[PDB]
Protein chains: 2
Amino acid sequence: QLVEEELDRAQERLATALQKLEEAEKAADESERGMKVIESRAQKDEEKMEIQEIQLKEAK
Amino acid sequence: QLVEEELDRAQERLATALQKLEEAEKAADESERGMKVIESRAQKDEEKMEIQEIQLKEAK
């Protein structure tokens with residue numbers, strides 16, 4: 001019976017493992033979404049500020 | 001017997017899942033780190049952009 005209880009408890013534990021893996025990878029996905037949108041934001045903001053400082057220096 | 005062989009199979013799947021969860025945790029945390037640093041960069045560059053364009057206005 002020791003083998004069967006190890007079996008079934010490890011089965012529930014691998015279920016817990018798969019679900020915690022799923023939530024971990026979902027957190028990974030949402031983090032990646034935040035990352036990509038802020039990469040776009042940084043890109044557009046930096047290009048804009050570069051153009052603006054160039055225009056300011058040329059105006060001076 | 002064969003039951004304990006099944007136990008070993010279940011536990012090796014468990015160990016594989018543990019390695020997977022460790023990788024996933026590392027990935028998620030480092031991803032959040034990149035996210036926060038890029039958000040900081042975006043905010044600071046936006047501030048620089050706005051002050052630059054206001055100064056450009058005054059210069060014009």
# chains A, B, ... in the order shown; residues from 1 in each chain; ligands from 1
$ calpha_fit_rmsd --fixed "chain B" --moving "chain A"
1.1 Å
$ closest_atom_pairs --of "chain B" --to "chain A" --cutoff "9 Å" --atoms "only C-alpha atoms" --output "JSON lines"
{"residue": "B:3", "atom": "CA", "partner": "A:3", "partner_atom": "CA", "distance": 7.0}
{"residue": "B:4", "atom": "CA", "partner": "A:3", "partner_atom": "CA", "distance": 6.1}
{"residue": "B:6", "atom": "CA", "partner": "A:7", "partner_atom": "CA", "distance": 7.6}
{"residue": "B:7", "atom": "CA", "partner": "A:7", "partner_atom": "CA", "distance": 5.3}
{"residue": "B:8", "atom": "CA", "partner": "A:7", "partner_atom": "CA", "distance": 8.8}
{"residue": "B:10", "atom": "CA", "partner": "A:10", "partner_atom": "CA", "distance": 6.9}
{"residue": "B:11", "atom": "CA", "partner": "A:10", "partner_atom": "CA", "distance": 6.9}
{"residue": "B:13", "atom": "CA", "partner": "A:14", "partner_atom": "CA", "distance": 7.6}
{"residue": "B:14", "atom": "CA", "partner": "A:14", "partner_atom": "CA", "distance": 5.6}
{"residue": "B:17", "atom": "CA", "partner": "A:17", "partner_atom": "CA", "distance": 6.3}
{"residue": "B:18", "atom": "CA", "partner": "A:17", "partner_atom": "CA", "distance": 7.3}
{"residue": "B:20", "atom": "CA", "partner": "A:21", "partner_atom": "CA", "distance": 7.4}
{"residue": "B:21", "atom": "CA", "partner": "A:21", "partner_atom": "CA", "distance": 5.5}
{"residue": "B:24", "atom": "CA", "partner": "A:24", "partner_atom": "CA", "distance": 6.2}
{"residue": "B:25", "atom": "CA", "partner": "A:24", "partner_atom": "CA", "distance": 6.4}
{"residue": "B:27", "atom": "CA", "partner": "A:28", "partner_atom": "CA", "distance": 6.9}
{"residue": "B:28", "atom": "CA", "partner": "A:28", "partner_atom": "CA", "distance": 4.6}
{"residue": "B:29", "atom": "CA", "partner": "A:28", "partner_atom": "CA", "distance": 8.1}
{"residue": "B:31", "atom": "CA", "partner": "A:31", "partner_atom": "CA", "distance": 6.1}
{"residue": "B:32", "atom": "CA", "partner": "A:31", "partner_atom": "CA", "distance": 5.8}
{"residue": "B:34", "atom": "CA", "partner": "A:35", "partner_atom": "CA", "distance": 7.1}
{"residue": "B:35", "atom": "CA", "partner": "A:35", "partner_atom": "CA", "distance": 4.9}
{"residue": "B:36", "atom": "CA", "partner": "A:35", "partner_atom": "CA", "distance": 8.5}
{"residue": "B:38", "atom": "CA", "partner": "A:38", "partner_atom": "CA", "distance": 6.4}
{"residue": "B:39", "atom": "CA", "partner": "A:38", "partner_atom": "CA", "distance": 6.2}
{"residue": "B:41", "atom": "CA", "partner": "A:42", "partner_atom": "CA", "distance": 6.9}
{"residue": "B:42", "atom": "CA", "partner": "A:42", "partner_atom": "CA", "distance": 4.7}
{"residue": "B:43", "atom": "CA", "partner": "A:42", "partner_atom": "CA", "distance": 8.3}
{"residue": "B:45", "atom": "CA", "partner": "A:46", "partner_atom": "CA", "distance": 6.3}
{"residue": "B:46", "atom": "CA", "partner": "A:45", "partner_atom": "CA", "distance": 6.0}
{"residue": "B:48", "atom": "CA", "partner": "A:49", "partner_atom": "CA", "distance": 7.1}
{"residue": "B:49", "atom": "CA", "partner": "A:49", "partner_atom": "CA", "distance": 4.4}
{"residue": "B:50", "atom": "CA", "partner": "A:49", "partner_atom": "CA", "distance": 7.9}
{"residue": "B:52", "atom": "CA", "partner": "A:53", "partner_atom": "CA", "distance": 6.0}
{"residue": "B:53", "atom": "CA", "partner": "A:52", "partner_atom": "CA", "distance": 6.1}
{"residue": "B:55", "atom": "CA", "partner": "A:56", "partner_atom": "CA", "distance": 7.4}
{"residue": "B:56", "atom": "CA", "partner": "A:56", "partner_atom": "CA", "distance": 4.8}
{"residue": "B:57", "atom": "CA", "partner": "A:56", "partner_atom": "CA", "distance": 8.4}
{"residue": "B:59", "atom": "CA", "partner": "A:60", "partner_atom": "CA", "distance": 6.6}
{"residue": "B:60", "atom": "CA", "partner": "A:59", "partner_atom": "CA", "distance": 6.8}
